[PDB]
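Here the structure is laid out as structure tokens; the discussion comes afterwards.
Positions of Cβ are generated from backbone atoms using ideal geometry, with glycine treated the same way; all protein chains shown enter the neighbour counts. What is reported rests on the model, the rules as stated and the sources as named; nothing here is a laboratory result.
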Amino acid sequence: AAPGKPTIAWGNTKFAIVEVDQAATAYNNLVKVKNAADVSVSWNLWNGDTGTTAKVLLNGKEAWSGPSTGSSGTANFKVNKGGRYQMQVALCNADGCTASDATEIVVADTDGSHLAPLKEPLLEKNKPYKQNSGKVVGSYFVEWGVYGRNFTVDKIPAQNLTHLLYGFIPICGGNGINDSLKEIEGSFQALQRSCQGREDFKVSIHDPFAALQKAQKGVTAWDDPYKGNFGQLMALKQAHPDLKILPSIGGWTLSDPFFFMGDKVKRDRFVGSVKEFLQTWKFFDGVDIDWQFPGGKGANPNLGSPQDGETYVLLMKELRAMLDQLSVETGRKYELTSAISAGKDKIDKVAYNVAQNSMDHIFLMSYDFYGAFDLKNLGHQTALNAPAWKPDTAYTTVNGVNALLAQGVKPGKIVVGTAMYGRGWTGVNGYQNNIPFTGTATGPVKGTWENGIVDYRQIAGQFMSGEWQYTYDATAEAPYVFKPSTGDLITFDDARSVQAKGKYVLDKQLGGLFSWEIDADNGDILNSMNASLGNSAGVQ
Ligand SMILES: CC(=O)N[C@@H]1[C@@H](O)[C@H](O[C@@H]2O[C@H](CO)[C@@H](O[C@@H]3O[C@H](CO)[C@@H](O[C@@H]4O[C@H](CO)[C@@H](O[C@@H]5O[C@H](CO)[C@@H](O[C@@H]6O[C@H](CO)[C@@H](O[C@@H]7O[C@H](CO)[C@@H](O[C@@H]8O[C@H](CO)[C@@H](O)[C@H](O)[C@H]8NC(C)=O)[C@H](O)[C@H]7NC(C)=O)[C@H](O)[C@H]6NC(C)=O)[C@H](O)[C@H]5NC(C)=O)[C@H](O)[C@H]4NC(C)=O)[C@H](O)[C@H]3NC(C)=O)[C@H](O)[C@H]2NC(C)=O)[C@@H](CO)O[C@H]1O
């Protein structure tokens, strides 16, 4: 007679190809990429002949086989593809094979192949758009937004984006290499613990708790291997297979290491660490380089060199070569992008007409033109055009686009920036003709999270009522709210100025729109980005 039917033993059924060490704070120890997951299964036979061969099947296909030598057994074998499998133990002899009932086993990998899709409802004022314009619709999500800002990946209106950038992935390095980080409390030290035992100029994760271990919707079980932002992003990729999710390296406080990359030893170490990062975290679709800024004038007053433009061009070509190689290894398309200053004084330190041949998209940061970093010279922080009272204004969106176009950059590469925040001042005074921007200020406005900066959500929620004046400057294409009794002045984008940027993109055949930062919108900004670029309302 065939053997008795085995009963799978109770036991762990959740396994991982990329293992996460739950008692590690250094990035080198935190993750272990294997070529396959170590899986184990045990069984008992409660009734009958135990057969002479035992086999473990996954969806019918043998993963392990060995002699059946008694009423219980254990099998250890490797599974090299992530996903969920119906696993069975079968005992076989010459008269037949008798298979257990199926037990599902979960083999995790960092493409999210083990996860359910995270397809959450649109919140606040977000309305559904189809991505069918062919234009970029991008936004940044910030790793530290999950604490006080309380804005997690399940709150991103992800159907309404083509590109979701993750700010920020840091480059390892202590004194002299990430000194701008010392301005943020506990931040420099944070990085040094993440990078313990790890060479400088390799990438790491700045806050491993937020990125991988904090409990979040859909990744709450103790033994879900990837939680935090990265676990949710993997499940978001399962819901939106064509969303491009890019890791952004740098930003205002993490850009110092780029200034050392004229040393090709360091540059090559960095490039190889990026390749390793994308091999490890398979949900990411490329890399975004946010070096602020080639030539200096970023957070660190002691850095910046005439060499930086060449380094930026070489970095991009070598990034693209690495990604082209990773693309043919995997069959995947990988993207290389960069977010760049929109000021013409910074643009012309780089030959973007050469660097564009390595890049998919250039995220033109057409925001922060003005703000509480200068109390004397006030202006619209993200306007399309100069205002009527100063038609020679240097920092406008059009001037940064035109500086790029004058280099020879193809218009289709250029993605125009929209701000989901305002900048502002307090004590504005001494202005003519009811235009507060002709005055000077005494300090920054009271921010939502930091001085001088206000989420758009709060502008709409609190500063479009009461004593606040609202004006849409149709020359500049820029809204502003002003409280005459305190002299609080806030410059921001709103649905109409975004619509102007969107029509301008379509008119000039530019690449699309992106925004900083997704948590600060109530829906009005991203709704307008989508509509102004010609995406149809609704779902596919
Ligand atoms: C034409 C021309 O040339 N114009 C010129 C201008 O361009 C120029 O101005 C510059 O222009 C640039 C563009 O050209 C622009 O950069 C780009 O544009 C973006 C927009 O400006 C810019 O945005 C910047 O980005 C920086 C980073 O680079 C941001 O900095 C962040 O700031 C945050 C504070 O607001 C920081 O935060 C804190 O984060 C820490 C972690 O480090 C966190 O710590 C945790 O806290 C919680 C507590 O709640 C803890 O959690 C608890 O415990 C558990 C877990 O342990 C929890 O689970 C739990 O919930 C909780 N419980 C408890 C106890 O409550 C946890 O344990 C903590 N642990 C610690 C200590 O670690 C804090 O919570 C965070 N606090 C808050 C409030 O959030 C954040 O760290 C910091 N990030 C980094 C990486 O540094 C800025 O905010 C952001 N600004 C804006 C507008 O948003 C981008 O960088 C650039 N973009 C791109 C695409 O590259 C420049 O900004 C601009 N610079 C200036 C100066 O303005 C000017 C000047 O040169 O010149 C003109 O001429």
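Would you call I177 surrounded by fewer than 23 Cβ atoms within 10 Å (Cβ to Cβ) and over 22 Å from the mean Cα position of the chain (by Cα)? Against the criterion (surrounded by fewer than 23 Cβ atoms within 10 Å (Cβ to Cβ) and over 22 Å from the mean Cα position of the chain (by Cα)), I177 qualifies. For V39, the conditions (1) over 31 Å from the mean Cα position of the chain (by Cα); (2) farther than 14 Å from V106 by Cβ; (3) surrounded by 13 or more Cβ atoms within 10 Å (Cβ to Cβ) are fulfilled apart from (2). Just to be sure, is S139 crowded, with 21+ Cβ neighbours inside 10 Å and over 19 Å from the mean Cα position of the chain (by Cα)? Judged against the criteria, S139 is not a match. Taken residue by residue, the range 17-25 has no member that is surrounded by 16 or more Cβ atoms within 10 Å (Cβ to Cβ) and small (G, A, S). Taking the conditions (1) outside the structural domain of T162 (by CATH); (2) under 31 Å from the mean Cα position of the chain (by Cα); (3) touching a residue at least 24 places away in the same chain (Cβ under 8 Å); (4) within 26 Å of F363 (Cβ to Cβ) in turn, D473 satisfies each one other than (2). The residues of the range 147-166 that are within 12 Å of the ligand (Cβ to nearest atom), within 30 Å of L533 (Cα to Cα) and surrounded by fewer than 24 Cβ atoms within 10 Å (Cβ to Cβ), listed by number, are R149, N150, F151, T152, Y166. Within this structure, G197 fails the test of being within 14 Å of the ligand (Cβ to nearest atom) and in contact (Cβ under 8 Å) with a residue 60 or more places away in the chain. The test for being assigned to a strand (DSSP E or B) and among the charged types (D, E, K, R) does not hold for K81.
Only residues that are among the aromatic types (F, W, Y), part of a loop (DSSP other than H, G, I, E, B) and closer than 16 Å to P257 by Cα were counted across the range 280-332, and they come to 2. For beta carbons closer than 8 Å, sequence separation of 6+ or different chains, a first residue in the range 398-416 that is of a type in the set (K, R) and a second that is within 13 Å of the ligand (Cβ to nearest atom), the qualifying pairs are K413/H361; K413/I362. When restricted to residues that are more than 16 Å from the ligand (Cβ to nearest atom) and touching a residue at least 60 places away in the same chain (Cβ under 8 Å), the range 488-497 contains 3. A Cβ distance below 9 Å, combined with a sequence gap of six or more or placement on separate chains, defines the contacts here; from the range 503-530, residues that are under 16 Å from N126 (Cβ atoms) and free of Cβ contacts under 8 Å to residues at least 60 places away in the same chain reach residues that are within 14 Å of the ligand (Cβ to nearest atom) and part of a loop (DSSP other than H, G, I, E, B) in the pairs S528/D493. Sort out which residues of the range 349-374 are in a loop (DSSP other than H, G, I, E, B) and away from the ligand (no atom under 13 Å from the Cβ), and write them in order of number. Answer for the range 349-374, where residues must be in a loop (DSSP other than H, G, I, E, B) and away from the ligand (no atom under 13 Å from the Cβ): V350, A351, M359, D360.
Within the range 301-308, can one find any residue that is among the aliphatic types (A, V, I, L, M), within 15 Å of the ligand (Cβ to nearest atom) and surrounded by 20 or more Cβ atoms within 10 Å (Cβ to Cβ)? Among the residues of the range 301-308, at least one is among the aliphatic types (A, V, I, L, M), within 15 Å of the ligand (Cβ to nearest atom) and surrounded by 20 or more Cβ atoms within 10 Å (Cβ to Cβ), which makes the answer yes. Looking at the range 175-184, is at least one residue under 26 Å from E335 (Cα atoms), in a loop (DSSP other than H, G, I, E, B) and more than 8 Å from the ligand (Cβ to nearest atom)? No, because not a single residue in the range 175-184 is under 26 Å from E335 (Cα atoms), in a loop (DSSP other than H, G, I, E, B) and more than 8 Å from the ligand (Cβ to nearest atom). Scanning the range 385-416 for residues that are farther than 22 Å from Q292 by Cβ, assigned to a loop (DSSP other than H, G, I, E, B) and not acidic (D, E) yields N385, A386, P387, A388, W389, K390, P391, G408, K410.
The set of residues from the range 499-525 being part of a helix (DSSP H, G or I) and more than 16 Å from the ligand (Cβ to nearest atom) comprises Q499, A500, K501, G502, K503, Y504, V505, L506, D507, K508, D524.
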